[PDB]
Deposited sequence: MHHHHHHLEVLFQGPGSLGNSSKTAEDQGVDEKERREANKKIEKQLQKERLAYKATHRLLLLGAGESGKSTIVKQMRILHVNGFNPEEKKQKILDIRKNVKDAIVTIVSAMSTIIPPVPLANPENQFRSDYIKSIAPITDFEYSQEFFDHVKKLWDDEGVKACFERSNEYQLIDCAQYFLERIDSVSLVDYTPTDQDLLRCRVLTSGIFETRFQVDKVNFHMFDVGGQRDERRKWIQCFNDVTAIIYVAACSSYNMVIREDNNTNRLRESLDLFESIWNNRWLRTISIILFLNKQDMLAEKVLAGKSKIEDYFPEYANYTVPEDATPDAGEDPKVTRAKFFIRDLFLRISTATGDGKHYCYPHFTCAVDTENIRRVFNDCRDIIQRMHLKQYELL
C-alpha cells in the first residue's frame, strides 16, 4: 500500500531539497519545471551578492573593500539591487566575479551570521563561471542548492521496489504553518528537517529568534501536538556538512548560544571514519536537544527516529531514506 510522508520543519531547513533528492533517485531527474530554475539560480546569485555588499556597511564593525578600485563595482550592485525585472547581462556577472575576489567581500561573508544570507551563497559565488554562460545548463547539484521559498502544499509521488511513497512538501516559515493542519490526513510518518548548522544564526521572520531554537520550539509543538499522538517522527538532523565547517572554523562557539553545551560530552556508547571529535561532539549535542524533548512525553504511543542528514549529498540521502523504508516496514 501507499505510505504518505509529511515534511515538517522551519524555513530553509531543507525539506524541499529532500524531495529534490527523491526526484533524483526514484524518479528520473527533472523535467526540462526546469530551465526556469536558471532564473531561480540567477536570482540566488543576485540575492547573495546584493545581501553581502549591503551588509558591508551595516555590520558593526563595518567591512571595507580590500581594493578601493572595486568601489564602482559595489556601486553597480547597489544600483541593480532593488530592480525586480533584472536582465542578468554579462556586466552583472563580470562585477560579481571580481567582487567575490575582493577580500573585503569575503571578510563580510565570513560574518554572515550577523545578517540574513542564504546557505547556497558560497556555492553559487564559487560557481559563477558556469552560471554566467549563455548556454548554462544547471547541474543536479546546482538544482539542489537552488533556494526558492515554498508557498502552499507541493505533492510528489514515487515508488521504490514496488511500494508507493506519497510525499508532501510544505513551507516552513511562520505564516506557512497556518495551513499545516490540512496535511494531517492519513499520515504514516513525519519527516522533521532541522538545520543544525544555524545555531549561530537568527530566523528571517523577526531577525531575533535563534534558528536552532526555532526548530526546537517547533519540534516540541509537533511532538506534543494533541492531533499527532499516534504519528511518529523521522528526525533529519540536516546540514551536517555546513555544521562541520563552522565547528572546524572555531569562530562561533555553540556554548555562546547554548550554555549547557559545556557540560555535554560525547556519550561513550560511534563516529564515522576519522571524524573530528569537535564535529562529533557538536552533532550529538544537537541531537540530545531534540531527544530530550521527545523523551519527556509520548508514553510509548509514538516514537522518534533520528538521522544525520546532508540533503544536498545524493549518496547520503539514498542511504538515509533507504533504511527509512526499513523503519516503515517494522511499523507494520
In sequence order, name the stretches of the deposited sequence that have no C-alpha in these coordinates.
-> 1 to 54, 87, 325, 389 to 395
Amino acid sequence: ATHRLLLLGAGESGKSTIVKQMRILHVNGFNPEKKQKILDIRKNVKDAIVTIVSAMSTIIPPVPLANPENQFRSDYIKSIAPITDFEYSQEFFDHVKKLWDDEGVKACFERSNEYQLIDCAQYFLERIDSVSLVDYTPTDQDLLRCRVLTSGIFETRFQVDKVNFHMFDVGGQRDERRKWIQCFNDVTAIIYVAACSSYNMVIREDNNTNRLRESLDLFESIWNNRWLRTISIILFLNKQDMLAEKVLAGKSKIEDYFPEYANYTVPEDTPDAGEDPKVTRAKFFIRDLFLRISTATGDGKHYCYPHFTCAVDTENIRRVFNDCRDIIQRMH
From here on, numbers count along this sequence of modelled residues.
Comparing 47 to 55 with 298 to 306, which has the greater mean CA B-factor as deposited?
-> 298 to 306
Looking only at C-alpha temperature factors in the entry, 36 to 44 or 272 to 280, the higher average sits in 272 to 280
Which is it among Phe86, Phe93, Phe158, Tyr115: the one with the largest CA B-factor in the entry?
-> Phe86
Tell me which of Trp180, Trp227, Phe109, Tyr192 tops the list for C-alpha B factor in the record.
-> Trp227
For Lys246, the third of its chain by CA B-factor is the highest
Place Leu99 in the lowest, middle or highest third of its chain's C-alpha B-factors, as listed in the PDB entry.
-> middle
Tell me, lowest, middle or highest third: where does the Cα B factor of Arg318 rank within its chain?
-> middle
Sorting the chain's modelled residues by C-alpha B-factor, tell me whether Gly172 ends up in the lowest, middle or highest third.
-> lowest
Relative to the other modelled residues in the chain, which third contains the C-alpha temperature factor of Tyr136: lowest, middle or highest?
-> highest
